[PDB]
Amino acid sequence: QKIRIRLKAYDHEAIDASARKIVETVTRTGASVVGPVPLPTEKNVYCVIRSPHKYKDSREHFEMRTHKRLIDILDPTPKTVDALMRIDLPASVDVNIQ
Amino acid sequence: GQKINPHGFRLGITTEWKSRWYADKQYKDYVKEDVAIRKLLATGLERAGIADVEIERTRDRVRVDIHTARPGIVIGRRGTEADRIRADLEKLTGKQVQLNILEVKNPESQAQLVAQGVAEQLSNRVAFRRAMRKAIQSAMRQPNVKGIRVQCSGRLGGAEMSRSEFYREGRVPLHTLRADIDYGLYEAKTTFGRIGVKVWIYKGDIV
Amino acid sequence: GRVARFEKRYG
Amino acid sequence: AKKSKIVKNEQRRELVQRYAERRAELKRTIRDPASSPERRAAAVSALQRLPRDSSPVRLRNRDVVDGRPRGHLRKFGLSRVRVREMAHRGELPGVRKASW
Amino acid sequence: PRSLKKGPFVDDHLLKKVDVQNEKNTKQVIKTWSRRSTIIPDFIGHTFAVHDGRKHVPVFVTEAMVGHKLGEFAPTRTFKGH
Amino acid sequence: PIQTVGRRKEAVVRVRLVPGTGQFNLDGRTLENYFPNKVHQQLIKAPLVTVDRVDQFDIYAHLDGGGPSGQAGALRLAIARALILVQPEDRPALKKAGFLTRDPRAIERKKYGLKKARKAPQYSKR
Amino acid sequence: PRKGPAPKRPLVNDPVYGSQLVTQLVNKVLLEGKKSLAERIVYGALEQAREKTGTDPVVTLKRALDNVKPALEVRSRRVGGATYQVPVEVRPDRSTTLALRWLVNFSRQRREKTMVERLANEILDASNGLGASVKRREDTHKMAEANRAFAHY
RNA sequence: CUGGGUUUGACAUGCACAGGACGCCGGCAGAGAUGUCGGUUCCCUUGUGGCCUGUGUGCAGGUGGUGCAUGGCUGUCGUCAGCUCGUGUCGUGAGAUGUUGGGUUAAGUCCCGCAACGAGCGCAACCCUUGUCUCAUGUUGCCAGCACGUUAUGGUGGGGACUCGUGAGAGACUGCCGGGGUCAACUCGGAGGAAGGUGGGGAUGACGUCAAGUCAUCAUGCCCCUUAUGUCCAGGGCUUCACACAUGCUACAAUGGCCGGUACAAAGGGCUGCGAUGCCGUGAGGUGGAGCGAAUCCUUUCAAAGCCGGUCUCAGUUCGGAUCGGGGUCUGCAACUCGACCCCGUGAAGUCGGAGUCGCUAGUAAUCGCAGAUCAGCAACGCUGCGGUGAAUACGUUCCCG
């Protein structure tokens with residue numbers, strides 16, 4: 001039985017750091033990993049009017065970009081799992097364990 | 001509308017976000033509680049120069065870091081100030097909220113503090129030329145400052161006619177993306193109205 | 001008659 | 001906008017959670033199936049007796065601080081005027097100007 | 001128009017008012033504010049003072065106007081010409 | 001084997017070239033069931049014509065993205081690349097014909113304040 | 001065109017006729033980008049012409065083009081604060097363009113119930129020298145001649 | 001707007017007197033606000049704290065006035081190339097010079113001259129996207145070579161090969177060649193290359209101008225209201241119509257209408273949301289709920305123009321769909337004023353539009369569809385994006401505008 005690890009963060013550098021750190025600890029515990037499989041970046045776009053009043057033709061665009069990484073391991077020995085609940089990560093990156 | 005906000009121009013390049021967390025279902029209420037925290041801290045503390053407030057969140061625990069030029073003023077020796085801020089941050093439905101009070105290394109190289117000082121001087125009695133000259137000289141005396149521009153506008157000197165005045169020293173390349181421009185805006189309270197002070201400080205570039 | 005049409009619609 | 005109207009919006013929300021949660025929803029479940037005997041039940045009439053403020057149809061997404069009733073964004077709960085100002089100041093995580 | 005499954009819509013106020021009005025077989029002028037209530041065959045004789053925005057205008061129901069709404073007989077906007 | 005790609009404004013074509021007859025297999029359909037437009041067929045076969053190697057290569061292609069015109073252009077570029085991989089010493093012939101150049105012409109982005117990429121709203125002076 | 005001439009688009013030769021002129025014709029009849037319909041119309045008209053006369057369609061198309069190709073045209077010129085209709089010589093490319101545009105338009109206002117039929121009839125009469133495009137060339141040459149006094153500037 | 005209520009108020013915080021209730025839960029009256037009735041009643045700990053009551057009292061509260069008192073934010077000249085300063089010099093002085101002259105550039109870009117020598121904000125670059133390639137990379141994405149498949153397909157075991165997704169990097173620098181050039185800037189042509197001369201498109205908007213716009217996002221000086229210009233409620237209005245102006249959509253048809261078959265996209269959205277198979281309707285839709293926080297499921301497997309076939313035969317028509325009659329669906333407390341959609345019927349003007357005027361230089365105009373935000377529903381033909389098909393023309397600056 002294998003379990004999926006899903007990473008989502010707004011910053012590419014932080015999510016890469018989390019991915020490599022997770023790979024390092026799981027290979028410390030003696031596990032086989034599939035590697036940080038990249039996933040499509042989610043883009044949410046918003047367009048707003050600059051001025052408080054009228055002046056509709058002047059607009060400003062914003063996005064919110066989410067980067068996704070996929071970690072898949074095998075041979076879930078209890079030591080690896082226990083190490084998994086014992087990892088400190090930046091508040092920016094969230095971890096989904098399935 | 002002439003110049004976009006310098007922080008937002010370099011948000012993904014040079015400057016960094018002041019709030020660090022991830023939320024998908026709870027983005028809206030996170031934003032609400034963040035703005036509530038910010039306005040509470042802005043109203044409560046005005047004496048010590050509050051240069052910046054960062055908020056970090058992780059599930060139940062909330063971490064708020066603030067930078068001030070007078071940390072002793074905002075902190076209680078027995079924790080009285082700490083007690084008050086802790087309790088009224090719990091009341092903000094923040095669950096577990098913890099505070100890391102910090103101090104800025106060079107208050108005169110920080111744009112927000114410079115604008116705060118200039119506006120405070122402007123409020124009571126000081127002529128604006130004196131304030132701008134003093135701020136510019138004090139900032140240029142610092143080692144890393146390569147250029148500072150100070151601009152304030154309004155009913156300067158209690159006049160009936162609004163005016164805009166600015167002095168610059170050195171290099172302030174607002175159009176250059178890699179150049180880090182520290183931007184600070186703060187409004188001066190006078191008996192004749194409200195005077196806005198904007199400060200741009202340029203200290204090299206980050207590559 | 002309209003009353004009949006009401007009876008058809010709702011009754 | 002106006003303090004009274006900002007408050008009244010919240011009062012509608014607490015009314016909605018108190019009433020629309022089960023009272024103004026079981027009556028709808030009664031009316032849905034034609035098999036269900038609605039006509040004698042007066043689930044329509046009973047649900048009329050409920051206050052109008054129970055209905056979410058009376059709600060209005062206002063800016064969470066500003067009270068601005070128009071130009072609202074559901075992701076942030078903020079007006080277009082406020083979103084622009086806080087995104088520029090780097091207050092909303094993972095938001096920046098666009099180019100493509 | 002309203003869907004047939006839900007049935008016609010009449011407010012409880014004037015519904016109760018007309019049930020107590022017709023139980024003793026005399027029709028007095030009934031003062032109402034619910035222009036959204038449709039006309040039921042129980043209204044055939046009763047005279048309604050439906051609201052208009054400024055005042056209440058007398059509406060005497062007949063067989064024909066069944067199924068319509070009381071507001072159709074209280075014109076709101078007044079126009080005479082330019 | 002050898003495999004190249006051709007891209008033309010959101011159309012991607014993968015090609016697999018083998019030395020068989022002139023059979024055109026486009027995702028399991030022939031050059032007639034596919035591309036029922038003579039101009040498109042000529043656009044497809046032009047690299048073969050200038051290289052004079054028509055009817056001596058079985059062609060298998062994967063098509064995805066864009067419309068028929070973009071698919072045809074990407075397929076032509078893919079065939080030119082495959083030919084340059086098979087017989088290198090024909091490069092001047094194809095290159096001077098331009099078949100080796102990816103066309104960098106994409107849909108221009110729509111701009112705010114304008115109805116289209118360049119079309120501007122009608123403005124009345126009076 | 002303030003800073004100098006702009007490059008021309010090198011449109012390709014047609015596959016089923018091998019001539020530049022037919023591609024120019026299809027691009028002239030093209031509407032809304034429906035290129036396939038334009039090609040169908042032009043090919044149908046050429047085949048109708050070939051059936052009616054019995055010979056190659058490109059040769060008669062060229063004959064019609066030469067019959068409707070102008071040589072002298074009139075442009076308004078402002079010299080010394082005064083405007084006049086000055087006859088001007090036409091370059092070969094502009095003459096081909098004008099001839100094709102005239103052919104396509106005057107076929108568009110024919111009465112043959114279908115654009116392919118209208119185009120075929122127009123090109124045939126232009127080959128024989130009876131089209132309305134031939135007439136239009138006649139009036140443009142007449143107008144150029146009647147204003148010859150102004151050719152000196 | 002009409003009418004019905006209320007005043008330390010709909011909402012805050014402080015000073016006082018009395019308390020254990022505030023608060024809910026149902027009944028009745030009322031259009032509702034509200035009023036009344038029936039049931040439930042604080043934890044501290046002896047000083048009183050949280051709740052409100054009234055009585056109050058400071059006070060709250062104004063989308064009330066003045067954008068000619070203001071801050072902030074924004075438009076505009078204009079992404080135009082310009083706007084200034086220190087020292088020196090000239091002038092009684094306002095001022096001038098630099099910044100002018102020759103050449104050159106998209107550019108106050110650069111070179112050569114020069115009573116000027118330098119500097120700053122602008123220009124350019126640094127950022128994003130897009131076009132080529134290399135390394136890494138295999139799931140939910142690919143499937144070339146192998147096996148299992150049943151028609152229903154990467155569907156399934158398997159595999160990095162080819163796409164693709166996302167990290168790093170290379171790559172365009174007049175780098176090279178030939179010719180003009182002051183041997184200077186710069187310019188023309190050629191080779192190589194995916195790309196050649198700021199490659200394409202974005203973001204970025206100098207000093208200022210127009211007392212430009214905004215006290216109705218917000219904040220704010222001063223003035224004003226305060227039993228009301230605050231505040232609650234029902235109904236109405238913002239949708240009124242003899243007209244005028246402006247931006248659009250649909251047409252006036254055969255390069256077309258209708259019917260049947262059939263092929264190719266990108267981007268984006270989805271938890272009390274997307275919602276499939278199936279079944280019932282003719283159709284909006286109804287029932288039902290598989291699977292999906294989603295490169296997986298749903299938006300159908302995604303399109304329309306396109307292609308093929310049939311019919312219509314130049315008519316106010318098989319064009320056009322307005323208006324109107326009847327019948328329904330859905331959302332919603334509720335579609336009368338005043339929603340969208342569906343069905344049957346009805347079938348108006350309109351025959352390519354005067355003077356005049358607008359946009360657009362290439363993946364552009366024209367045309368075709370798709371998606372998103374706001375949003376219970378929608379007035380969306382609007383706005384912001386995405387892809388499909390894809391032209392003509394530029395001789396040249398005399399005239400019009402800046």
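Method of determination, as given in the entry header: cryo-EM; reported resolution: 2.9 Å.

This part is about a positive patch on the surface. Where like charges cluster on the molecular surface, the positive patch consists of D:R28, E:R2, E:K5, E:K6 and E:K69. Within the element layout of this structure, D:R28 appears in helix α2 (residues 23-31).

All names here are of chain F. Relative to the assigned elements, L100 resides in the segment after α3 (91-97). Sequence separation of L100 and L63 is 37 residues, and the distance between their C-alpha atoms is 19 Å. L100 has contacts with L77, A80, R81, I84, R91, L94 and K95, leaving out every residue within four places of it along the chain.

Under the criterion given, the structure shown has four cavities of 30 Å³ or more. Taken as a whole, the largest cavity holds about 90 Å³ of empty space. Looking at the largest cavity, the residues that line it are B:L41, B:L45, B:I66, B:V74, B:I75, B:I85, B:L89, B:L99 and B:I101. Of all elements in the fold, only α4 (80-90) and β4 (96-103) of chain B reach the threshold of two or more residues within the lining of the largest cavity. When the residues that make up the lining of the largest cavity are grouped by side-chain class, the tally is nine nonpolar, no polar and no charged. For the second largest cavity, the calculated volume is near 60 Å³. What lines the second largest cavity is G:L25, G:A45, G:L46, G:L61, G:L103, G:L119 and G:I123. At the level of secondary structure, the elements contributing two or more residues to the lining of the second largest cavity comprise α2 (35-53) and α5 (115-128) of chain G.

This part takes up the protein's contact with RNA strand H. Lining the immediate environment of RNA strand H, one finds 196 residues, of which A:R4, D:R84, E:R36, G:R9 and G:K35 sit closest. Put simply, 74% of the atoms of RNA strand H that lie within 4 Å of the protein are in sugar or phosphate. Here F:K96 contributes a side-chain N or O atom positioned 3.1 Å from a phosphate oxygen of RNA strand H. Here F:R102 contributes a side-chain N or O atom positioned 3.1 Å from a sugar or linking oxygen of RNA strand H.

Each partner contributes residues to the interface: chain A has 13 residues there, and chain D has 15 residues. Summed over both partners, the interface of chain A with chain D comes to about 1500 Å²; 57% of that surface belongs to carbon and sulfur atoms. For the interface between chain A and chain D, the tally reads three salt bridges. The shortest N-O distance in the salt bridge between A:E60 and D:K97 comes to 2.3 Å. When residues of the side of chain A that touches chain D are traced back to their parent elements, those giving at least two are β2 (37-49) and β3 (59-72) of chain A. Sorting elements by how many residues they give to the side of chain A that touches chain D places β3(A) first, with six residues. Looking at the side of chain A that touches chain D residue by residue, the classes come out as seven nonpolar, two polar and four charged. The pairing of β3(A) with strand β3 (residues 96-97) of chain D spans two bridges and is classified as antiparallel. In the sheet register, A:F62 faces β3(D), and the bridge partner there is D:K97.

All names here are of chain F. The four strands lie next to each other as β1-β2-β4-β3, forming an open sheet whose pairing is mixed. Two strands close off the open sheet at either side, each with one partner strand: β1 (3-8) and β3 (24-26). Across the sheet, the mean angle from the axis of one strand to that of its neighbour is 20°, orientation sign disregarded. Looking at chain direction, strand β2 (residues 11-18) and strand β4 (residues 58-64) are connected through seven bridges and run antiparallel. Residue pairing for β4: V15 is matched across the bridge by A61. The sheet contacts of helix α2 (residues 68-86) involve β1, β2, β3 and β4, and relative to β1 the element is tilted by about 145°.

Each value, and the rule that gives it
- Residues numbered from 1 in each chain as written, not as in the entry; some residues may be left out.
- Chains lettered and ligands numbered in written order.
- Part of a larger assembly, values for the part shown.
- Heavy atoms only, no water.
- Patch = residues over 30% accessible without salt bridge, like charges linked within 9 Å, V, L, I, M, F, W, Y side chains within 5 Å.
- Areas by Shrake-Rupley, 256 points an atom, 1.4 Å probe, with all protein chains shown as cover.
- Salt bridge = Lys/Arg side-chain N within 4 Å of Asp/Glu carboxyl O.
- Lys, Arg positive; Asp, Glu negative; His and termini not counted.
- Charge placed at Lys NZ, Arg CZ, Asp CG, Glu CD.
- Helix = DSSP H or I, 4+ residues; strand = E, 2+ residues; numbered from the N terminus.
- Contact = heavy atoms within 4.5 Å.
- 1 Å grid on protein atoms, 1.4 Å probe; cavity = no way out; pocket = protein on both sides within 12 Å on 5 of 7 lines; lining within 4 Å.
- Points joined across faces, edges and corners; volume = space filled by probe spheres on them.
- Nonpolar A, V, L, I, M, F, W, Y, C, P; charged D, E, K, R; others polar.
- Near = heavy atom within 4 Å.
- Polar contact = N/O pair within 3.5 Å; in protein donor to acceptor, adjacent residues only side chain to side chain.
- Buried area = accessible area lost by both parts, 1.4 Å probe.
- Pairing = 2+ DSSP bridges.
- Axes fitted to C-alpha atoms, helices over the stretch in contact; angles between N-to-C directions.

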